[PDB]
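Given as structure tokens, the chain that follows is alone and in the form deposited in one PDB entry.
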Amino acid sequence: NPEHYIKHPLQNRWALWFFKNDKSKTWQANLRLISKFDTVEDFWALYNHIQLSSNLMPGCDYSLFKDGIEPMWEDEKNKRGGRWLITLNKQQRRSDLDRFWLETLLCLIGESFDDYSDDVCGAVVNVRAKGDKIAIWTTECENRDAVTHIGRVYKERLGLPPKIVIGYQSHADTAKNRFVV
């Protein structure tokens, strides 16, 4: 009976990355691979072992990306892409940051965007004194149907009311909203 002893494989293998701001080093040198996983059980083992985003020192990031995609604009799968951005105020560090981030992780590993989950590259949480950010990165900023489907599903999974609007920005511009939902 395979069900009783095999781990549950995920559709993709994922890599978790950590960034710590250190002014001595370049941005790329501050980015480090923590580990990879490709089962539900190994996901939770990693998540349960690491700090909540709300407990990270200001200036740190977590990134969860499909194995083979580095969490940087320069990666072949990100250079023509962009991000759905969730901007948090300082009070939301306490109320929403960790629950939004875990919901974002599950959207990725559970492949929650139907046919368009293949357009997903990964997600990033930035812990910053001026206000935290969470973002889902996708591979092609010109694929309007894929980008807007991901954005609408993401907004509903986060539980954001219609009085909130979230925006999608291309990395080429970051390096202006193209879409809003």
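Shifts are known only where both forms have a C-alpha. Note that the rigid core is defined as the largest set of C-alphas that superpose within 1.5 Å between two forms. Numbers follow the displayed sequence, beginning with 1.
Per the record, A175 and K176 are separated by 4 to 9 deposited residues that have no coordinates.
Across the two stretches, 125-133 and 152-160, the PDB entry reports the greater mean Cα temperature factor for 152-160. Comparing 56-64 with 110-118, the higher mean C-alpha B-factor in the PDB entry belongs to 110-118.
Residue-level temperature factors show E74 in the middle third of its chain, judged at the C-alpha atom. Per the PDB record, residue ranking by Cα B-factor puts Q92 in the highest third of the chain. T26: CA B factor in the middle third of modelled residues in this chain (values from the PDB entry). In the deposited entry, the Cα temperature factor of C141 places it in the highest third of its chain's modelled residues. When the CA B factors of the chain's modelled residues are split into thirds, the value for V165 lands in the highest one.
Just so it is clear, the following notes concern the form solved in complex with a partner chain, a form of the same protein that is not shown.
Per the 4.5 Å heavy atom criterion, its partner chain in the bound PDB entry is contacted by stretch 47-55, the sole one of 126-134, 47-55, 144-152, 22-30.
With a 4.5 Å cutoff on heavy atoms, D98 does not count as touching its partner chain in the bound PDB entry; it lies far away. Its partner chain is not shown here, and in the bound PDB entry it never comes within 4.5 Å of any heavy atom of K176. Although the partner is absent from this view, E41 contacts its partner chain in the bound PDB entry, with a non-hydrogen atom inside 4.5 angstroms. Heavy atoms of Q169 never reach within 4.5 Å of its partner chain in the bound PDB entry, leaving it off the interface. In the bound PDB entry, no residue of the candidate spot (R13, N78 and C121) has a heavy atom lying within 4.5 Å of its partner chain. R99 is not among the residues whose C-alpha shifts by 2 Å or more between this form and the one not shown once the rigid core is aligned; its shift stays under 2 Å. Note on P161 and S95: their C-alpha atoms are more widely spaced in the bound PDB entry, a change of at least 3 Å from this conformation. By 3 Å or more, the C-alpha separation between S95 and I164 grows in the bound PDB entry relative to the form shown here. Segments displaced between this form and the one not shown are 3-5, 91-96 (runs of at least 3 consecutive residues, each Cα moved 2 Å or more after rigid core superposition).
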